[PDB]
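Worksheet for the structure shown next.
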Amino acid sequence: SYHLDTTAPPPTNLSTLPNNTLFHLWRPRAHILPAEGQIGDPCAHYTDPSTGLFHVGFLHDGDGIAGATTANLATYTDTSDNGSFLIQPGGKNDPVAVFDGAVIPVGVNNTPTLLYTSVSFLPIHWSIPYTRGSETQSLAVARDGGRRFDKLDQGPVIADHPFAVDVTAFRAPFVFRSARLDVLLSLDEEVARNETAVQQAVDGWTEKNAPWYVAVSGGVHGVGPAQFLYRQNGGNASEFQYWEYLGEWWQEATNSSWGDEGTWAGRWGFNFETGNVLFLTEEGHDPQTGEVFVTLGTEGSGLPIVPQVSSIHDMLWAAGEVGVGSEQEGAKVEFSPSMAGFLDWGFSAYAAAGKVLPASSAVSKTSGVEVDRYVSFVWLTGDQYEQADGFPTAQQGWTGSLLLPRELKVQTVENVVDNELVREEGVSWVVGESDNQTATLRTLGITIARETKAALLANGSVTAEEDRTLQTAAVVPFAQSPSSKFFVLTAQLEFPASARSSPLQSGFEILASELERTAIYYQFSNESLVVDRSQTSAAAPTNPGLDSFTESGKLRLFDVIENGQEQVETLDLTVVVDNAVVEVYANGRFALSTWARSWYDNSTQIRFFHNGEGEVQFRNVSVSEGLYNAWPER
Ligand SMILES: OC[C@H]1O[C@@](CO)(OC[C@@]2(OC[C@@]3(O[C@H]4O[C@H](CO)[C@@H](O)[C@H](O)[C@H]4O)O[C@H](CO)[C@@H](O)[C@@H]3O)O[C@H](CO)[C@@H](O)[C@@H]2O)[C@@H](O)[C@@H]1O
């Protein structure tokens, strides 16, 4: 008989092992996931007005939305056992399934109200004909603190997609408020043209009584992906039954992309999924003074297309401005991207679902945060969106996980030499100011939620490494490596201006022993942070289910003036390893997550890495081991 021994070689076929045998092998301890089973898209988050607690939601086992709550954003508690479900299919509006949805804190009966996609027909896919009535948007109300959502005893409040529009997908309603949208809509078509008159109205805007907007994601057959915008009828904040259609406030031509070569923001693909609408400043979230930001997943494919197969799942973001609808008979308001990028460059990262976290929340009160924040939760599919080549699912007993909660805001990059590196077309940043000599850049800021980061390094063991410089090729083991696979690695890599043209590759090797290693390094050839997983798992060679393809993201290191002197901006790294869940963060303006399913208990070594091409200076290298338990009650 075979009992799991991770100090010994892995069996050739993991899929032959007994159920639940691999349950803990690759399981994270500081991440959001159900007690067992599979987790899908994150949805339905809301900061309970009454208790100030923050509720988190996610599709679970493809049988509905499950929930959990937190008071500090560090630890979570399941709403209930047996799946901890909030709402499941089988109603009159959702006889087949319950898809993503979002919550209005003070809705029907003045309680948290869920607006979600109720499904009545399958299959549903952008590459095939759409069955009329497949997806409708229904309402459900929170009961018993929010441990359950009861569907309203009536049909959907948005019972059909736009009239006679051949949509590719009509789902994932996301609710939000906006001063600019209210102003542009409450104005005149001629008076809402001059930003002056407009801006003057936004100043007196009052959030408390503003109407809600709903953004539904999808696209149109033969046209392109799009976001369908609605709002409480007539701008009536008390109107929850009728939702007026404002049109396709954002659409792109089929498989087109941001930029001439789709370099910084993947492609718009064939269908938009899970549109989140944000309003960011330089400190957090503000629906009155914040710039419009939209995060979304796009479904793509190579040609020839294989019906019912989305080969590419990009987790994108875009920022821009909202204006009136021109002079055409189309959308009443329109979103125009000025810049776009990736919220996470991970192949398996997708469906980021976020929510405003008020400073008045119990979470922010405890941590002492004085501003409103926007926390986003990204999905890390466990099996490559179910296209994996025989992953040992029954053996693991669970599938997928959410990534660490992330704060999103406008991040600025100061003292940037205004050169070609900054003026390139179709990038993920805009210039905030400049004298043609140095400029301030503006882009999406991405950082681990502060309380979560604090919890990750509150009881961790700290081991630093001496600053180091590598010129010739070398792989240097740390003075002391962690003895577990639960740690946070931080480091700063400084490169010479001369490395830009070089074939330089510099980083670290982690989760390493003689038979295994995972490499993380910066590459100038394509200005990308890369995660080489070719040798990650000693079990991958005979178990194709464990993907081992290379992961990478674009990260441009600008020329800056740090000390009255020019230099290539410092690569500020933060790698969080929560067993197999690996999250690479950089300069607060970059995230790449993936699975690193190493097998041996001894694969915990960490080494400096340099390919000899060019030179690199490592500074402030440190390792915090341990992380923490995100689910105390389990
Ligand atoms: O879960 C619905 C939400 O998922 C999003 C974001 O990922 O897009 C999903 C999509 O692919 C899901 C998939 O299956 C899921 O639902 C099945 C039941 O419908 C369930 O059996 C699967 O176990 C579960 O993973 O759809 C097909 C099923 O044929 C499969 O290839 C997928 O992996 O769901 C839509 C419809 O099935 C597809 O158009 C889309 O790719 C978000 O947009 C949805 O709200």
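All residue numbers refer to positions in the sequence shown, counting from 1. Order of listing sets the numbers, starting from 1, for every ligand and every atom in it. Just so you know, these numbers use all the heavy atoms, side chains as well, and skip hydrogens, waters and symmetry mates.
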Does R27 make a cation-pi contact with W398 (under 6.0 Å, within 45 degrees of the axis)? yes
Any protein heavy-atom neighbour for [atom] (distance below 4.0 angstrom)?
| atom | value |
| --- | --- |
| atom 11 (O) of ligand 1 | no |
| atom 20 (C) of ligand 1 | no |
| atom 27 (C) of ligand 1 | no |
| atom 43 (O) of ligand 1 | yes |
| atom 1 (O) of ligand 1 | yes |
| atom 34 (O) of ligand 1 | no |
| atom 4 (O) of ligand 1 | yes |

Using distance alone, decide if ligand 1 has a nitrogen or oxygen within less than 3.5 Å of any nitrogen or oxygen in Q308. no
When you compare ligand 1 with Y385, is there at least one nitrogen or oxygen pair between them that comes in under 3.5 angstrom? yes
Protein heavy atom at shortest distance from [atom]:
| atom | value |
| --- | --- |
| atom 37 (O) of ligand 1 | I124 O, 3.9 Å |
| atom 18 (C) of ligand 1 | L122 CD1, 4.0 Å |
| atom 24 (C) of ligand 1 | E386 OE2, 3.2 Å |
| atom 7 (O) of ligand 1 | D41 OD1, 3.1 Å |

Can you list the atoms of ligand 1 that are under 4.0 Å from a heavy atom of [X]?
| X | value |
| --- | --- |
| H125 | 39 (O) |
| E273 | 5 (C), 8 (O), 9 (C), 40 (C), 42 (C), 43 (O) |
| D100 | 3 (C), 42 (C), 44 (C), 45 (O) |
| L59 | 1 (O), 2 (C), 3 (C) |

Ligand 1 contacted by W379 (non-hydrogen, < 4.0 Å): yes
Consider ligand 1: state whether an atom of it lies below 4.0 angstrom from any non-hydrogen atom of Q38. no
Suppose we call two aromatic rings close when their centres sit under 6.0 Å apart. Are [X] and [Y] close by that rule?
| X | Y | answer |
| --- | --- | --- |
| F149 | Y46 | yes |
| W250 | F272 | yes |
| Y385 | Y350 | yes |
| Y76 | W631 | yes |
| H221 | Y130 | no |
| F228 | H161 | no |

Out of curiosity, [X] [atom1] to [Y] [atom2], how far, rounded to the nearest 0.5 Å?
| X | Y | atom1 | atom2 | value |
| --- | --- | --- | --- | --- |
| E407 | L73 | CD | CG | 8.0 Å |
| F293 | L408 | CZ | CG | 8.5 Å |
| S217 | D100 | OG | CG | 9.0 Å |
| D344 | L380 | CG | CG | 8.0 Å |

For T168 and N271, which I'm curious about, is there any donor-acceptor pair between the side chains at under 3.5 Å? yes
Using a 4.0 Å heavy-atom threshold (strictly under), name the region of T117 that reaches ligand 1: side chain, backbone, both or neither. neither
Can you tell me if CZ on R132 sees more than 12 non-hydrogen neighbours from other groups inside 6.0 Å? no
Judged by heavy atoms only, the candidate from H313, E299, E135 nearest atom 41 (O) of ligand 1 is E299
